[PDB]
Each structure stands twice: as structure tokens, then as C-alpha cells.
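> Can you keep this structure in mind? I'll have questions shortly.
Read-outs: derived from the displayed coordinates by stated rules, not from any lab. Backbone-built Cβ (ideal geometry, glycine too); neighbour counts: all protein chains shown.
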Amino acid sequence: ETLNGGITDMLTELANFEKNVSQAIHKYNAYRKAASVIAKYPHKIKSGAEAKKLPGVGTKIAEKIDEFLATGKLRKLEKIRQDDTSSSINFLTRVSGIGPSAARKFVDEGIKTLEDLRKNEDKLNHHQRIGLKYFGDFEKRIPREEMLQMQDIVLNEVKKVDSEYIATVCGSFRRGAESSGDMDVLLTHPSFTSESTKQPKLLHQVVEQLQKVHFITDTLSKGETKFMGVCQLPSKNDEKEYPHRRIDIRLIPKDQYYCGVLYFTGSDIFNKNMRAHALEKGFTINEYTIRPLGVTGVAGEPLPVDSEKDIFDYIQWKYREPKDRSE
DNA sequence: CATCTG
DNA sequence: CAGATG
Ligand code: NA
Ligand code: NA
């Protein structure tokens, strides 16, 4: 956690680059398990040789550590921090819709900067477009004050449309979190479930409404269960307009809310732990449900859940406020 | 994983 | 459809 740091770090650089610049998924995947192992490692790796001893750890990686440990640096790494192309591939990705695949292409096309991206605005797709449009807004953290505001809205309107809607703004926002990155909204309705043969309108109605009243600016993606968009806080009385925000809205049958619900909130860790425990108690939990684990190895069949309480209950555990879900 | 693009 | 993005 602090003894094998730098090492685990450089590796992560290394691991990144492979994937991003190169394509060396193998090589990438490689550093990863490494940094992952040197990670758990109880001691203070003092040499390559020492490391090598470890799994995932091989000769090439070994070699690397030695240099790093030897000298406060890595040539390979220093090389890469200079390489503009590499640079540029990292840069471009910053944009929504722009993945690395896309990254290269544009680079190779000699587009590398923001200006570059504007000039060839044609070359970008829809999402890619919004992305560039809202580069700044996007990189901006969402503070609670706005957070709670938005929440009020979304919550309100959904109400208007149907009384059976069940909105839930999960995320760190749900954990207390002083600032968020985006607005993750869980959604369900009773007339929606496991068997209940589709009903896309469910999702679609509310969407319309938000754009109706203007909460929502653009569309990233709009499927039959997951919308991906942009929103905004009605600039009160002109002088201070709001950043645009990333907003996701997902439909879910009512027969599996609370888990998604649970899950979506987190944190990752809280999950694992509770996931870990659940295992103990003789059950399983993943995003959609919690099943009774038979002894035959594994086994299942759905458990009925009317709330988060209901989950924890099963696992015979202390109902923890979303605030204390931290770990 | 769910959606999009081409 | 394979394939990219989130
Ligand atoms: Na990106
Ligand atoms: Na293939």
C-alpha cells in the first residue's frame, strides 16, 4: 500500500501505454497482474530478483524494477512522457465518445489537439460532438448543492408523469459524497419486472418530460432501457449559467431494483465485503439478485426483495445507512 | 452490458 | 454484423 508503491505505479504506466498507444493487450494485461501482485506483497521489494520470485513476474518486468530501484527513473517511461503521439493519444481520449481506437485514427490523421478536433468536427460522431462541445463542463465535478437541486427536479417530474415511478439517485451522491462526477439515476415501475414483457415507454416517457421542462440538453444514447445524456440547472436569473452535466437514466424491472439499487451505490468495497459475507451466510449477490446458495457446489433461485433492508436481512447483517457504506 | 456506427 | 464506447 506504500511499500511497493512506485513499483506498482510505473507498472501501471507501462500497463497503460501498452493498451492505449500500442495495442499490446497481452503486454498490458501483463503489468496489470504484476502490479496487482507486487501490490499484495508484504515486503519491501529490494530487487528484481526478489520480485521475479513472484507470479506474473518475469524477466522483463524484473529487469524494469531493477532499473527503477537502481536509478530514480525508467528510460522507457521517460521516453513515453515525451512522445507527443503517446501524449496525444492520452489527450484525445479525454473526450467523451473518444476511445483510444478512435484516438489513434485521429492522430494518424494528424488531429491531435482540441483545435484539431474542432476543425474536423465533421469527422466526429454525434456523441463525439457533444463531448467536444462540453469538454470543460464535463471535466467539472458536480457539487451537492447542484446535486440535491437536480435530484429534486428529476424526482419531481417523474412524479408528475406517473405515481408508480421509483427514481433513485444512487452513486457516491447516495453515500453522502461532497461532489459527484455525474448523475446516476435508477429507475423502476411496478408494471415492470423479470417476466413482464417489455415496456420501453416506461423509460421513454420520463425522458421526454425532462427535455420537456428542459432539464435535459442532449441525447448520448437512448435505448429501450438506458438513456445517456446531458442536463442543466436552469440558470435562475441570468449572470451565472450551469455546467452541463452527465446524466444517466436506467430502467430496471421492479423485481430486481434494490440490488441494483444496493449495488449502484457501492462502494465497490462495501460490495465485495457484503458480497464476501453473503457467501458466508450461504447466499449470492450480484447486481440483479440474491440467491440461496445450495451446497452442491452452487445453486440458486430468486429471493424476494422489498428493500435494501430485505437484502442485508438475508445475509443476517447490520442495516447500514448509505452513508456508512464506505467500506 | 447496452447502444451506436458504419 | 464486428467492434467501439461508456
Ligand atoms: Na474518452
Ligand atoms: Na476477431
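> What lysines does A:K19 reach when the alpha-carbon gap must be under 21 Å and sequence neighbours fewer than 8 apart in one chain are set aside?
Straight-distance partners of A:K19: A:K27, A:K33, A:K60, A:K64, A:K76, A:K79, A:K105, A:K112.
> Moving to a separate point now. Any idea how far the Cα center of the range A:68-94 sits from the one of the range A:260-280, in Å?
If we compute the Cα centre of each part, the gap is 36 Å.
> Helix-derived [θ] at 222 nm for chain A: sum -39500 (n - 2.57) over DSSP H runs of at least 4, divide by residue count, nearest 500?
Rounded to the nearest 500, it is -14000 deg cm²/dmol.
> Hey, another quick one. When the chain is fully extended, how far beyond the present Cα-Cα distance does A:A276 get from A:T2, taking 0.36 nm per residue of separation?
96.1 nm
> Under the rule of at least 5 residues apart or a separate chain, name every residue whose amide H is placed under 5 Å from the amide H of A:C170.
Distant-sequence amide H within range of A:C170: A:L186.
> Determine the gain in length on full extension of the stretch A:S191-A:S22; use 0.36 nm per residue of separation and subtract their C-alpha separation, reporting nm with one decimal.
So the chain would gain 56.0 nm between A:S191 and A:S22.
> So if we plug the beta-carbon distance of A:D313 and A:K159 into 1/(1 + (r/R0)^6) with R0 = 22 Å, what FRET efficiency do we get, rounded to 0.05?
Efficiency at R0 = 22 Å is approximately 0.15.
> Quick one: 3J(HN,Hα) in Hz for the range A:110-122, Karplus 6.51/-1.76/1.60 with θ = phi - 60°, rounded, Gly and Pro as x.
Whole-Hz 3J(HN,Hα) from phi for the range A:110-122: x, 8, 9, 9, 6, 5, 3, 4, 5, 3, 10, 4, 5.
> How much length, in nm to one decimal, is gained on full extension between A:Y288 and A:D306, taken as 0.36 nm per residue of separation minus their Cα-Cα distance?
5.2 nm
> Here is a further query. Within the range A:167-234, list the GluC sites (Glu not before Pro) lying in a DSSP loop whose Cβ has at most 14 other Cβ atoms in a 10 Å radius.
Listed in order of number, the matching sites are A:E178, A:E195, A:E224.
> So for the range A:141-263, if I pair up every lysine 8 or more residues apart or on another chain, how many of those pairs have alpha-carbons under 17 Å apart?
14
> I would also like to ask the following. I need the phi-derived Karplus couplings for the range A:170-184: 6.51 cos²θ - 1.76 cosθ + 1.60, θ = phi - 60°, integer Hz, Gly and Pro marked x.
Calculated HN-Hα couplings, in order: 5, x, 6, 3, 7, 8, x, 3, 4, 7, 10, x, 7, 9, 8 Hz.
> By a straight-distance test (C-alpha under 15 Å), which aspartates and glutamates pair with A:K133 as possible cross-link partners, with residues fewer than eight away in the same chain excluded?
A:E115, A:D116, A:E121, A:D122, A:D218
> How large is ³J(HN,Hα), in whole Hz, for each residue of the range A:27-44 in order, when computed from phi with the Karplus curve 6.51 cos²θ - 1.76 cosθ + 1.60 and θ = phi - 60°, using x for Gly and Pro?
With coefficients 6.51, -1.76 and 1.60, one gets 4, 4, 3, 5, 3, 4, 4, 4, 2, 5, 7, 4, 4, 5, 2, x, 10, 9 Hz.
> Related question: Rounded if a/c is under 1.5, else prolate if a/b is larger than b/c, else oblate: which is chain A, with a ≥ b ≥ c the root eigenvalues of its Cα gyration tensor?
oblate
> Could you tell me the relative contact order of the range A:24-130? Use alpha-carbon pairs under 8 Å, at least six residues apart, and round to a whole percent.
15
> Rank by packing, highest mean first: peptides A:48-60, A:240-252, with packing defined as the count of other Cβ atoms within 10 Å averaged across residues.
Going by the mean number of other Cβ atoms within 10 Å, highest first, we get A:240-252, A:48-60.
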